[PDB]
């Protein structure tokens, strides 16, 4: 699939509005498993269930354990770039 770079905007009190699965120990990419209605990922309109998150704000998440990916994702603020591909 083609890589897309997608901007998500959120305020600090918000989460990203996604659930993710996967990570290095699981032998699979970080994948979006749910998009939460009204939350930032839904609002931006460019992130979908089944998208792999390859990177966020230039942090490579292709070879990172689940929890470390969660932590990096959870530290992002403001306008946040997702590098994704539908697999």
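Positions refer to the first chain, counted from 1.
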Between 68-76 and 7-15 (mean CA B-factor, as deposited), the higher | 7-15
Would you mind checking where the Cα B-factor of residue 55 ranks among the modelled residues of its chain, as the lowest, middle or highest third?
-> lowest
Modelled-residue ranking by C-alpha temperature factor, third containing residue 32 | lowest
Would you check the entry's CA temperature factor for residue 41 and let me know if it's in the chain's lowest, middle or highest third?
-> lowest
